[PDB]
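Right, one structure below, let's go through it.
Nothing in this text is a laboratory measurement; each read-out follows from the coordinates by a stated rule. Because the Cβ atoms are built from the backbone with ideal geometry, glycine has one as well, and the counts that use them run over all protein chains shown.
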């Protein structure tokens, strides 16, 4: 089984980048077989319909200090928007000033999820790095200095930029965490 990489004491940006790169590579090697992760509620024989996409870059779910520890260490992904939505971004922990990342997250996510970015920058001072499942959809592209960054949502009230499938709908879901870390970075 995968053990989450706890990068909360890797706080120099160069070194953090190396650790996150290695975490993704190590994680992908565990996915050479089997990409399902959550067991069916209606079937003892089965996993549910949610699977990870192995051939993908890490995305980030920004969180407060306590959430990073409680979820990151315990294979839990929290919602950060109403109707059980989890918003993730390609925008890495070292890209934007913490206040500016908060401003953008507030424009991107409403109130009512487990993490509420409307409480201010403390809710994005830490991060969970994940590989997204097939349930995440691209909701927009931000351009920072010539470079595009995807934003993605699992459920919530979002559209791409009757349901027959079994998957989790709650404010905390069982989900493989690649890494957890802090945005309190230095040279």
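Quick look at the numbers
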{"item": "Extension gain, residue 118 back to residue 74 (0.36 nm per residue minus Cα-Cα distance, nm)", "result": "13.4 nm"}
{"item": "Distance between the range 134-159 and the range 52-72 - C-alpha centres, whole angstrom", "result": "15"}
{"item": "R0 of 25 Å, Cβ-Cβ distance residue 141-residue 94: FRET efficiency to nearest 0.05", "result": "0.80"}
{"item": "Share, in percent, of DSSP beta bridges within the chain that are antiparallel, nearest 5", "result": "90"}
{"item": "Kirkwood hydrodynamic radius of the chain, Cα pairs, Å", "result": "16.7"}
{"item": "Ranked list, fewest to most other Cβ atoms within 10 Å of each Cβ, for 40, 79", "result": "40, 79"}
{"item": "Under 17 Å from the residue 184 label point (7 Å along Cα→beta-carbon), backbone N, the range 1-42", "result": "6-13, 16"}
{"item": "Label-point separation, residue 2 to residue 33 (7 Å along Cα→Cβ), nm", "result": "1.8"}
{"item": "Computed [θ] at 222 nm, helices only, for the chain once each DSSP H run of length n ≥ 4 contributes -39500 (n - 2.57)", "result": "-6000 deg cm²/dmol"}
